[PDB]
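> Sharing a structure, written as structure tokens. Questions coming.
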Amino acid sequence: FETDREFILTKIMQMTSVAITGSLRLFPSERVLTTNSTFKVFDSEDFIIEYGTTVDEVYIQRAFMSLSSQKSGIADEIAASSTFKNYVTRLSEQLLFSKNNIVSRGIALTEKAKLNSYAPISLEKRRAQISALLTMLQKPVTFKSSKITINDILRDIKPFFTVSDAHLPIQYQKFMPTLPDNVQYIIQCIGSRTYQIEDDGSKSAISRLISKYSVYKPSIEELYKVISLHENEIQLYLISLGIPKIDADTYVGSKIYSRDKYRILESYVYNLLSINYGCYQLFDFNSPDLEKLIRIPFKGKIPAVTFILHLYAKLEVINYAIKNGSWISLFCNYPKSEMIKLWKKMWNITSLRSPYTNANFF
Amino acid sequence: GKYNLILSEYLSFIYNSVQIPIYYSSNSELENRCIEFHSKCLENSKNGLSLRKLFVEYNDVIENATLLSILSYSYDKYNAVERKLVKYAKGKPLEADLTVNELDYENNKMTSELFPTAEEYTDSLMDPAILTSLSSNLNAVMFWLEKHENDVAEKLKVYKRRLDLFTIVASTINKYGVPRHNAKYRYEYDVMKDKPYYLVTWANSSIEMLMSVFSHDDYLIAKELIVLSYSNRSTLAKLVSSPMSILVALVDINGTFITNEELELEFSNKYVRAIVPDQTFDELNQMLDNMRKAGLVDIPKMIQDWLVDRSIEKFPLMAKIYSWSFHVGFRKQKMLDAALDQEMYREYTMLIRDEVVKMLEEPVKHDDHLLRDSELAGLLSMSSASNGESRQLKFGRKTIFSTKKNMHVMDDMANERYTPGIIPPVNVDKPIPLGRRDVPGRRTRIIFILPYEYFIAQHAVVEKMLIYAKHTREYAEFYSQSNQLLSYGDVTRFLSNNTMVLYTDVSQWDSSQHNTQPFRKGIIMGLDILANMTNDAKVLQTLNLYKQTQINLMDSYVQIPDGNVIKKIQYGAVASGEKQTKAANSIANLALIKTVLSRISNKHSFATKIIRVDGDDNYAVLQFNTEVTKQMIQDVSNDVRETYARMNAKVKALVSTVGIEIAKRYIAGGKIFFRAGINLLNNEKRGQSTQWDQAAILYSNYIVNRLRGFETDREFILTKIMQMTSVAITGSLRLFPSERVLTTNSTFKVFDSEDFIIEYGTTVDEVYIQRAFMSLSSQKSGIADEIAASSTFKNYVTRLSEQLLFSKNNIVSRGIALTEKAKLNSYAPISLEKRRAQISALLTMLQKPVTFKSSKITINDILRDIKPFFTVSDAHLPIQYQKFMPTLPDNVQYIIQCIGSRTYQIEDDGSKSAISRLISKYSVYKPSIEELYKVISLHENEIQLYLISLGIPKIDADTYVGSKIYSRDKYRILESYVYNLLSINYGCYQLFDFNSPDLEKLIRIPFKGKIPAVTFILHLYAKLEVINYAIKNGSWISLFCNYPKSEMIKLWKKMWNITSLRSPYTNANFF
Amino acid sequence: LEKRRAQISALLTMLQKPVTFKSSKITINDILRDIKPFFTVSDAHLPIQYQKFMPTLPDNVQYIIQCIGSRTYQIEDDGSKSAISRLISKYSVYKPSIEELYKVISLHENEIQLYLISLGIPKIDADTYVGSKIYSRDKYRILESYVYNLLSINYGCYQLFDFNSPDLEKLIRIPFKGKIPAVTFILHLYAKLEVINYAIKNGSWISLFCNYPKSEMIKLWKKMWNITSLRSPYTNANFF
Amino acid sequence: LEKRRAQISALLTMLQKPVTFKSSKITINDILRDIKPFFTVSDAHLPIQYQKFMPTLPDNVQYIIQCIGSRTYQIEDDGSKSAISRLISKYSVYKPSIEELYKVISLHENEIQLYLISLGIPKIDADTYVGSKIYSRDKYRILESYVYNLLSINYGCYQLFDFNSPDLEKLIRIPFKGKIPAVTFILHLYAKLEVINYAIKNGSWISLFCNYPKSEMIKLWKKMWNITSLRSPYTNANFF
Amino acid sequence: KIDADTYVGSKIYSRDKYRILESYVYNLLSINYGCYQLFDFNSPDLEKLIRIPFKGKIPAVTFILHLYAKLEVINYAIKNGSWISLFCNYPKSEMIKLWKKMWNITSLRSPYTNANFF
């Protein structure tokens, strides 16, 4: 089924606009609407996701994150009553031993993230957001940016990729005849997968250990923050949950832990690229056919950077395919010096909540 | 997604008189479209025209953009409650039997009776203390009923139950009308004057409970407590709970988990017959009778039915009762009443002294730097210090009413008044003010209010004491990173048919006038022994000053109020308020059990397998050279109680063979249980949190309860968040923030769109908004800056530093200033100024952004990068681990069943790194994880100076800078920082074994290169993704990662540039 | 229209007063700002050797081509030429963007394996990639494509510059502190862009030296996998 | 006054409604948040061995010194002790901040070489640094100084803590997945801060374990070289 | 293509990854403008004041720690007249997190800051 895209654009125009007066509505622009953020509604080209490449996009990109999470004059007071404190402590007292607060801080927000549901909070936050949002379009120019995201990381790698026309023949037949031609073309050339790409870190040794002994379940974000810690700190975390010291100590040193550092990042990155939702979930991103179109020399066995350059390489080629019907081959001569700067950035990427983007259908 | 739509029902429900949605988007073209749609909507509404055509004309906006918030133009009075409530006032109001409370004012009399005149009234005895209104709760409840007035089958039954009960509330409230709340959400004298004083708090508790009912039993329980609570407000909670202690002893143990040599929960098949003596049964009958003679009917009956077979399979109910009894409210009695309740100690005090010595034996002889410079450390700690009287101050050319102890140091230093060597006397001349701590089902306890000289003379010694505790298992609260699970396993461990367990409730003993002499004598005696161990003036100075704190305390008078007047009585009991409180209290409690246990030995011969302390409870599993008989348990218990009696101490000394109960956790049936009674609609005290934070705190509380047992309907919570977050820009226009604004990971994040699951910006919009929110995250305070402008702040910082630095310390110096500028806001004029100003920025923020110079990266940006490189595919995981925390929601319990759980905390502060240890070994300074993270990210040359600047010796400092250990330390600092940002230690994740062999297999990651940083995040990201899927699907998925070698370097740079997002409400950390 | 009109209220207010933002996300701006201090610039000279073939190019633009030359190819900026992508394509029809490949690649081996399965890649084959050396390199390539995309190295006037010119490469000096392909890559590209831009705004060249400490590289490496974007499509200059 | 008065309008509006920000920049907040999930905390114990010498320190603060000790030195937080800096100083009079050294170090060998020349460093000497092993290490040190600066490890109460205490180091457990000085460094410092903070807010210690996957480290490594700052000077607590 | 393919693999490309980052970082630190352009940031005298052990041959992180080390020392010098020596014990685990951050740094336009005079 295909509802005319112009009609959808019209609805978005009607649905996004907001009035500041009784005779003055403010229709948000395409850049405001499609720029990857917590307010992103659609894409300027179906099936293709863009990322701040120009200074303006990033300038606006950092600016939007600012008024992303605005406190609720209810969601805080609720954590102020003995009830919330007793409930959290009561749950923790049978979950912790040492100084668990990394775990403790998360549990509180775990509730402060759903609490808004309650009308007086969702409505209070939603109505208040309008005042901030309307004013936000007015005048910014004053933001103490310091947090980095996929937009900042990807923008860095762009200049080091050399694109050149390449060609890919159609070899795989059709089995999902409804797919729009541009989408179907990618599968015809590189194929499709019958699997989901681990995007939660569930398949890592540390996670398994945390699960084997404790009942607690830390998200990908927590595993990501925890993995980015020092061996000494990570060891206590396991103990704090219940992992036996003989076993906890074995992981901290072990070679497996180092690899586990790579896997946690991979799951976090894939999650941020929605590689499992949208139309990408239908693309074999490890296609032999797609892999040839990418050229990347191993400056050094640095699994993190080699990984992103590649994925960035793959996404770029796929997106071009969708928006052109022809393929392009990318070359990468990323200096050894640049890799270390990039490596630091990898462990400081924040998110952008918007759940609507949810396209995950199969 | 259901939250945004649900909110529409709530608004339409409340308002009947327009709703102008607001959409934003990263897309630039769509954004202008959003603005057009928005602009036209106001015009149409302010002209009384439709809007159906406009929505069709903006399907793109509705379908493709993000909802930012929903404006509401109203023009009534928000007095729809009076009108709506009447429909439910059909029932007959409740009449409180004013003949139930031992203390007159505890009775639910007419306010005009308890307080005849306005200048006499004081909501100090019933204040919900929560920034939400009773009318709101009533409104919220009515909304749910309207929505579920047609549900069918079992869903309907929940309604019938909810409908019935609510009527009790509506009917009673209606008789007196619905009390009006003022801006401060308080309840004045005029509104209250003709109504049952304890009405408002009661309605909150009744509403909180009735909106937590589902099964029939919940209804009887919510119903019985709801009714009796209206008149009984001083023993209902204590009476309903009380029997739970005896019940745990009753059930046997059919397979339980234990603690093995590697201190990890291990499933044991052991079986233990819960044998109890005849007299113990009578003790339980009396608890039942007391419950019965007090009005109860159905709840007592339930326990009675349970006792016929005492099947752990039907124990869940006993738990719901113990958890439910807490949601009746807070026992807030008059300060004086609370205060009023308050030869053979040679053996007892002797142990207390000896324990004190061990904790400080090695440090004292060596002349630990911490002991020598205790004054600086205590001074630095002030941020994590207690509280003192809200003194008067002057900085520069103004006046303030700060209550924070640290600032007092500033005023005093810059006034020659600062004199720590002279610790103020706490007696008749200069008595001790008073603070308090309320808790459901227990007599109110008081809290001293000693000046700052006391904290300073106590921080170093206590801190050194704790380190000893930290590695001593007897202190089940401190030992390593131990979580409550380890404590749970230790008890079941030795349980066998030849060993009986014994638990106690020494809460009253810790405040027994009898206790103070011994307690103080032992601490002082030990200090004396330690003093004759060193020749260091700095240490002896510290050893002596601490001793004096005890001596001044020996005779301490209390500034106890008694009306609008401040009386002044004596006080021969010990209270909390000292640094050593929690630490020293344990020393005494441990000392006490050792004393009782040794004395009882004179008769029966056993074997002390384990001994432990935990605040107001101490226990021990003792083994017997023969099988345990009912007679034996009866004899030992008697001998134990009489022994406790001889020392004239009020205590709950029980004894069992399979279970134990204590204030933090109860082990009934070999399974670990936690109470779940955190009042949601009635807070203990009015802190300094805001309405928004109040909500995020409320949601935190809700999740902890759900996890523990009690479960308030999530729709109700969503409603509260809707009420609590909304903000008005005009007198007839409120702005309800959207779900994306509310749940997107930021400094304003209140909850999650799916409990137990945390999301991260994956779409462009989320990130677009994510970067935008950080902007107006920290808005300067036109007070917090000027304060650092006076000579006072500059002198205080410099004065502290001059004895902390040598080279150019400013990295350290810059942090100390903000360390204060981060708490300073507390002061009303600053928290209120920042909070009120934030609204103007926040309201405008939703309006129009599009202009932000982003450059800072966060976890959101890093994770978004890795996502595309992970290939997910269906995988399967079998359930192998049994259950031990039966209350956990099925989806949460399922993860533990498959991957297990941990009995440890995951190092999230870098405390276990070589650099940190070095900084600690020589300097007293303590840099946070953030500082260690920034410092570690530095060049070898810079890092070397940092150590020198603090005091590390150059020979040693140079050895670290090069050494291989430093490189690894670079990895560990990052790990702790990352785990902290993922709250892997708080929330529900703290219960998951993230290193589970079972979870690890589900992840596939090739080693592109031995790059510990990137390999680490890919893995953790891999683990979180799999776990979250498990929670939201019941099935597992396996992830593959082919991250290119080139991409890893870019990612590696990002890792050392991640910023944070403060929001403390998210705090779910319960065990 | 709703988003555009509403944006104005927020935008107008935004200029007014900020000072309250919980920044934590990092971008190219934050990463590049870090590297700047470690580069030592010194006057260098480059002779004009390549003739002209696009006579219309403004002198300052034409001068760069005259000295370092031009390319007849596009720089892979979507990760399309990576092994993981090819695998996802070979079996599944789904097509994950560069962003998704970037986030996915930044994951743990265990998580990435499930992702492939979730789409349809066969387990024997999925498992082979997860370990394989090729996956590690693929981690480098995904990042490269993501970075180049963020630098619009394929659009604007840069698309006419041979960024791998032997002539441009000599002007850059970078010692291999360690075989860390990520950081070595950015330092170099940052080095190249700086030299080119100076050329455009001065007609003369400069040579850059880099003594980036080994310690600093790890901090930078973390930053690399946390860069967010900035949408603005108007910037679109891509003409040939 | 113009900036301060104007800031109020933006600030007031900011609280009102946001939801529209193009984030892409990453900070310490974003980096640390990533590492959190990979740390496993477990109760640990630390005995008090060091005596008191600053008797005024609040008990909670004094307790840390009693267990891990204190330092009589400042932690290099400006990169002043790096080879590149010394070289820039030896010949040129210019003085680039830590931020500049951080950005410069994150550059490509070719670019960094010109930077030195541009200031005056002799080419024979400039070229020797660009390649040399010392430059690689210098990349590590610049990052360390930048990170420590962002953690105010030298100001506040932390300046009184021996962050390299043998006693604190034992409480941290971190396996070397790979000799990647950057990531190993942050995990450790993050580990140390977490343990210290728990100590201050609990009187008891906790031990942290870290099993950071090898894949995750590369993503994190990129983030490290893209961290931005947050100015607020008031926070200044630096007293000794 | 023959030439393009040679670069993609070649060892030189890996180093080039390091150099691009260096130039980007130095740009963000205005190490070439302001008063810093007058300082020999590779001074033997400045280098001694910095102490950094090689946890691993990771050119990116080692680079920033050093530059951060140098800037800190210089700035202290300007605001105190005395020098300070910095030591760095960055854990191996932390370096990987930091490495990711390095390739995700965004900018901040303001051209006025332009002090570049010689």
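Residue numbers start at 1 in each chain; chains themselves are named A, B, ... in the order of the structure tokens; ligands are numbered from 1 in the order shown.
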Within 8 Å of chain A, which residues of chain E come that close, and what is the closest atom pair and distance in Å for each? Count only C-alpha atoms and give it as JSON lines.

{"residue": "E:4", "atom": "CA", "partner": "A:331", "partner_atom": "CA", "distance": 6.7}
{"residue": "E:5", "atom": "CA", "partner": "A:295", "partner_atom": "CA", "distance": 7.0}
{"residue": "E:7", "atom": "CA", "partner": "A:333", "partner_atom": "CA", "distance": 6.2}
{"residue": "E:8", "atom": "CA", "partner": "A:297", "partner_atom": "CA", "distance": 4.5}
{"residue": "E:9", "atom": "CA", "partner": "A:297", "partner_atom": "CA", "distance": 3.2}
{"residue": "E:10", "atom": "CA", "partner": "A:297", "partner_atom": "CA", "distance": 5.8}
{"residue": "E:11", "atom": "CA", "partner": "A:299", "partner_atom": "CA", "distance": 5.4}
{"residue": "E:12", "atom": "CA", "partner": "A:299", "partner_atom": "CA", "distance": 7.2}
{"residue": "E:13", "atom": "CA", "partner": "A:333", "partner_atom": "CA", "distance": 3.9}
{"residue": "E:14", "atom": "CA", "partner": "A:299", "partner_atom": "CA", "distance": 3.0}
{"residue": "E:15", "atom": "CA", "partner": "A:336", "partner_atom": "CA", "distance": 3.2}
{"residue": "E:16", "atom": "CA", "partner": "A:335", "partner_atom": "CA", "distance": 2.1}
{"residue": "E:17", "atom": "CA", "partner": "A:335", "partner_atom": "CA", "distance": 1.7}
{"residue": "E:18", "atom": "CA", "partner": "A:337", "partner_atom": "CA", "distance": 1.6}
{"residue": "E:19", "atom": "CA", "partner": "A:337", "partner_atom": "CA", "distance": 4.3}
{"residue": "E:20", "atom": "CA", "partner": "A:338", "partner_atom": "CA", "distance": 4.8}
{"residue": "E:21", "atom": "CA", "partner": "A:338", "partner_atom": "CA", "distance": 3.1}
{"residue": "E:22", "atom": "CA", "partner": "A:338", "partner_atom": "CA", "distance": 5.7}
{"residue": "E:25", "atom": "CA", "partner": "A:341", "partner_atom": "CA", "distance": 7.6}
{"residue": "E:58", "atom": "CA", "partner": "A:340", "partner_atom": "CA", "distance": 6.4}
{"residue": "E:59", "atom": "CA", "partner": "A:340", "partner_atom": "CA", "distance": 5.5}
{"residue": "E:60", "atom": "CA", "partner": "A:340", "partner_atom": "CA", "distance": 2.4}
{"residue": "E:61", "atom": "CA", "partner": "A:340", "partner_atom": "CA", "distance": 5.0}
{"residue": "E:62", "atom": "CA", "partner": "A:340", "partner_atom": "CA", "distance": 7.7}
{"residue": "E:63", "atom": "CA", "partner": "A:340", "partner_atom": "CA", "distance": 7.5}
{"residue": "E:64", "atom": "CA", "partner": "A:341", "partner_atom": "CA", "distance": 7.2}
{"residue": "E:91", "atom": "CA", "partner": "A:230", "partner_atom": "CA", "distance": 5.8}
{"residue": "E:92", "atom": "CA", "partner": "A:230", "partner_atom": "CA", "distance": 7.3}
{"residue": "E:93", "atom": "CA", "partner": "A:230", "partner_atom": "CA", "distance": 5.1}
{"residue": "E:94", "atom": "CA", "partner": "A:228", "partner_atom": "CA", "distance": 5.6}
{"residue": "E:95", "atom": "CA", "partner": "A:344", "partner_atom": "CA", "distance": 7.0}
{"residue": "E:96", "atom": "CA", "partner": "A:343", "partner_atom": "CA", "distance": 6.3}
{"residue": "E:97", "atom": "CA", "partner": "A:347", "partner_atom": "CA", "distance": 3.8}
{"residue": "E:98", "atom": "CA", "partner": "A:344", "partner_atom": "CA", "distance": 2.9}
{"residue": "E:99", "atom": "CA", "partner": "A:343", "partner_atom": "CA", "distance": 2.1}
{"residue": "E:100", "atom": "CA", "partner": "A:346", "partner_atom": "CA", "distance": 1.9}
{"residue": "E:101", "atom": "CA", "partner": "A:345", "partner_atom": "CA", "distance": 0.9}
{"residue": "E:102", "atom": "CA", "partner": "A:342", "partner_atom": "CA", "distance": 3.2}
{"residue": "E:103", "atom": "CA", "partner": "A:342", "partner_atom": "CA", "distance": 2.8}
{"residue": "E:104", "atom": "CA", "partner": "A:153", "partner_atom": "CA", "distance": 2.8}
{"residue": "E:105", "atom": "CA", "partner": "A:152", "partner_atom": "CA", "distance": 5.1}
{"residue": "E:106", "atom": "CA", "partner": "A:152", "partner_atom": "CA", "distance": 4.9}
{"residue": "E:108", "atom": "CA", "partner": "A:59", "partner_atom": "CA", "distance": 7.7}
> Please extract the residues of stretch 104-136 of chain C with a backbone DSSP assignment of alpha helix (DSSP H) and present them as a list in words.
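Across stretch 104-136 of chain C, those assigned alpha helix (DSSP H) are residues 104, 105, 109, 110, 111, 112, 113, 114, 115, 116, 117, 118, 119, 123, 124, 125, 126, 127, 128, 129, 130, 131, 133, 134, 135 and 136 of chain C.
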> Would you save the residues of that selection, restricted to C-alpha atoms, as a tab-separated table (two decimals), in the first residue's frame?

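Generated output (out-v1.tsv):
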chain	number	residue	atom	x	y	z
C	104	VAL	CA	26.32	-1.52	14.85
C	105	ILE	CA	30.07	-1.73	14.24
C	109	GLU	CA	31.02	-9.19	19.05
C	110	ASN	CA	28.13	-10.96	20.80
C	111	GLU	CA	25.57	-8.30	19.91
C	112	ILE	CA	26.72	-7.92	16.28
C	113	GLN	CA	26.33	-11.66	15.68
C	114	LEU	CA	22.60	-11.57	16.60
C	115	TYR	CA	22.04	-8.54	14.35
C	116	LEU	CA	23.13	-10.58	11.30
C	117	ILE	CA	20.99	-13.52	12.37
C	118	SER	CA	18.04	-11.22	12.99
C	119	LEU	CA	18.21	-10.22	9.32
C	123	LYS	CA	24.90	-18.73	11.41
C	124	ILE	CA	27.90	-20.58	10.00
C	125	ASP	CA	28.63	-17.47	7.92
C	126	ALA	CA	27.58	-14.98	10.59
C	127	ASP	CA	29.92	-16.57	13.12
C	128	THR	CA	32.82	-16.52	10.65
C	129	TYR	CA	32.56	-12.75	10.24
C	130	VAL	CA	32.29	-11.94	13.97
C	131	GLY	CA	35.70	-13.36	14.70
C	133	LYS	CA	40.25	-10.37	10.92
C	134	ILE	CA	38.15	-8.79	8.16
C	135	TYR	CA	35.60	-7.65	10.75
C	136	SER	CA	38.26	-5.64	12.58
> List the neighbours of stretch 43-52 of chain D out to 6 Å using only C-alpha atoms; skip same-chain residues closer than 5 positions along the sequence, and give me the result as number ranges by chain.
A: 97-98, 239-240; B: 360, 362-364, 367-374, 464-465, 467-468, 470-471, 479-482, 538-539; D: 66-67, 205-207
> Between atom CA of residue B:1014 and atom CA of residue A:196, what distance in Å does the model show, to one decimal?
21.4 Å
> Taking into account only C-alpha atoms, which residue in the set A:235, A:358, A:281, A:142 is nearest to residue A:198?
A:281
> Dump as a PDB file with C-alpha atoms, in the first residue's frame the residues of chain B that approach chain E to within 6 Å, counting only C-alpha atoms.

ATOM      1  CA  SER B 807      52.650  23.447  41.669  1.00  0.00           C
ATOM      2  CA  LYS B 808      49.926  24.791  39.355  1.00  0.00           C
ATOM      3  CA  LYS B 853      26.450  24.955  17.793  1.00  0.00           C
ATOM      4  CA  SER B 855      30.117  19.784  19.198  1.00  0.00           C
ATOM      5  CA  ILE B 915      46.394   5.990  39.925  1.00  0.00           C
ATOM      6  CA  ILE B 936      43.796   9.865  32.449  1.00  0.00           C
ATOM      7  CA  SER B 937      43.028  11.298  29.008  1.00  0.00           C
ATOM      8  CA  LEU B 938      46.107  13.526  29.443  1.00  0.00           C
ATOM      9  CA  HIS B 939      49.691  13.340  28.196  1.00  0.00           C
ATOM     10  CA  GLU B 940      52.295  11.524  30.291  1.00  0.00           C
ATOM     11  CA  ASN B 941      54.053  14.835  30.999  1.00  0.00           C
ATOM     12  CA  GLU B 942      50.926  16.544  32.336  1.00  0.00           C
ATOM     13  CA  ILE B 943      49.788  13.578  34.451  1.00  0.00           C
ATOM     14  CA  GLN B 944      53.159  13.432  36.213  1.00  0.00           C
ATOM     15  CA  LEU B 945      52.803  17.035  37.500  1.00  0.00           C
ATOM     16  CA  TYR B 946      49.248  16.342  38.701  1.00  0.00           C
ATOM     17  CA  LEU B 947      50.561  13.658  41.095  1.00  0.00           C
ATOM     18  CA  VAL B 961      53.795   7.537  34.399  1.00  0.00           C
ATOM     19  CA  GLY B 962      55.797   5.070  32.370  1.00  0.00           C
ATOM     20  CA  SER B 963      54.819   1.728  33.872  1.00  0.00           C
ATOM     21  CA  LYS B 964      52.585  -0.711  32.009  1.00  0.00           C
ATOM     22  CA  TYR B 966      49.312   3.137  33.890  1.00  0.00           C
ATOM     23  CA  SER B 967      48.214   2.029  30.419  1.00  0.00           C
ATOM     24  CA  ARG B 968      45.769  -0.496  31.879  1.00  0.00           C
ATOM     25  CA  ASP B 969      44.657   2.131  34.339  1.00  0.00           C
ATOM     26  CA  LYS B 970      43.665   4.168  31.302  1.00  0.00           C
ATOM     27  CA  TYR B 971      41.276   1.350  30.377  1.00  0.00           C
ATOM     28  CA  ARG B 972      39.803   0.986  33.855  1.00  0.00           C
ATOM     29  CA  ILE B 973      39.040   4.673  34.356  1.00  0.00           C
ATOM     30  CA  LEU B 974      37.016   4.611  31.135  1.00  0.00           C
ATOM     31  CA  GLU B 975      35.208   1.484  32.137  1.00  0.00           C
ATOM     32  CA  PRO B1012      40.412  -2.745  24.904  1.00  0.00           C
ATOM     33  CA  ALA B1013      38.324   0.431  24.659  1.00  0.00           C
ATOM     34  CA  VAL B1014      36.318  -0.243  21.520  1.00  0.00           C
ATOM     35  CA  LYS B1050      37.104   7.287  14.811  1.00  0.00           C
ATOM     36  CA  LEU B1051      35.103   5.700  17.635  1.00  0.00           C
ATOM     37  CA  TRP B1052      38.153   5.658  19.896  1.00  0.00           C
ATOM     38  CA  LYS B1053      38.360   9.443  19.717  1.00  0.00           C
ATOM     39  CA  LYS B1054      34.722   9.788  20.666  1.00  0.00           C
ATOM     40  CA  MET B1055      35.206   7.694  23.805  1.00  0.00           C
ATOM     41  CA  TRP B1056      37.263  10.412  25.516  1.00  0.00           C
ATOM     42  CA  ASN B1057      34.799  13.267  24.954  1.00  0.00           C
TER      43      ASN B1057
END
> Give me the residues within 10 Å of residue A:200 as a ChimeraX atom specification, counting only C-alpha atoms and dropping any in the same chain fewer than 6 places off.
/A:207,218-221,223-224,263-271 /B:867,870,872,1003,1018-1030,1037-1039 /C:104,107-108,110-112,114-115
> Taking C-alpha atoms for each residue, export the selection above as a short mmCIF file (atom, residue, chain, number, x, y, z; two decimals), in the first residue's frame.

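As written to disk, selection_21.cif reads:
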data_model
loop_
_atom_site.label_atom_id
_atom_site.label_comp_id
_atom_site.auth_asym_id
_atom_site.auth_seq_id
_atom_site.Cartn_x
_atom_site.Cartn_y
_atom_site.Cartn_z
CA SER A 207 26.53 -9.56 30.35
CA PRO A 218 21.81 -3.44 32.71
CA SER A 219 20.89 -1.87 29.35
CA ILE A 220 23.28 -1.48 26.44
CA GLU A 221 23.93 2.04 27.69
CA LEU A 223 27.16 -1.95 29.65
CA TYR A 224 28.65 0.73 27.40
CA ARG A 263 31.31 -5.98 21.30
CA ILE A 264 29.58 -3.63 23.73
CA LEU A 265 30.50 -0.72 21.46
CA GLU A 266 29.33 -2.53 18.39
CA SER A 267 25.88 -3.13 19.88
CA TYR A 268 25.68 0.48 21.05
CA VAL A 269 26.61 1.81 17.60
CA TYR A 270 24.24 -0.42 15.69
CA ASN A 271 21.49 0.64 18.05
CA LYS B 867 24.19 0.34 15.94
CA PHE B 870 25.53 -5.08 14.67
CA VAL B 872 20.84 -9.36 14.93
CA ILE B 1003 27.20 -12.09 21.66
CA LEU B 1018 30.78 -3.02 21.41
CA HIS B 1019 30.37 -5.83 23.92
CA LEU B 1020 28.46 -3.85 26.54
CA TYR B 1021 26.34 -2.36 23.83
CA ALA B 1022 25.84 -5.91 22.65
CA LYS B 1023 24.83 -7.09 26.11
CA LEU B 1024 22.41 -4.25 26.82
CA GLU B 1025 20.68 -4.72 23.48
CA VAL B 1026 20.15 -8.40 24.08
CA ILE B 1027 18.89 -7.87 27.62
CA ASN B 1028 16.46 -5.14 26.64
CA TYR B 1029 15.06 -7.25 23.84
CA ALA B 1030 14.58 -10.03 26.38
CA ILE B 1037 18.43 -12.47 19.94
CA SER B 1038 22.06 -13.03 19.01
CA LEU B 1039 24.23 -10.16 17.79
CA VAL C 104 26.32 -1.52 14.85
CA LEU C 107 28.99 -2.95 19.25
CA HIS C 108 30.31 -6.03 21.05
CA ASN C 110 28.13 -10.96 20.80
CA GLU C 111 25.57 -8.30 19.91
CA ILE C 112 26.72 -7.92 16.28
CA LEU C 114 22.60 -11.57 16.60
CA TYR C 115 22.04 -8.54 14.35
#
> Please list as a PyMOL selection string every residue within 7 Å of residue A:115, counting only C-alpha atoms and excluding residues in the same chain fewer than 2 positions away.
(chain A and resi 75+111-113+117-118) or (chain B and resi 695-696+698-699+717-718+721+750-751)
> Excluding residue C:1 and its own-chain neighbours fewer than 5 positions away, which residues fall within 6 Å of it when counting only C-alpha atoms? Please give them as a list in words.
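In the requested format, the answer is residues 13, 17, 27 and 28 of chain A; 32, 33, 34, 35, 36 and 37 of chain B.
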> Would you pick out the contacts of stretch 241-248 of chain B at 6 Å or less, using only C-alpha atoms, so that residues sharing its chain but fewer than 4 positions from it are not included, and give the list as a list in words?
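With the cut-off at 6 Å, the set is residues 287, 322, 659, 661 and 668 of chain B.
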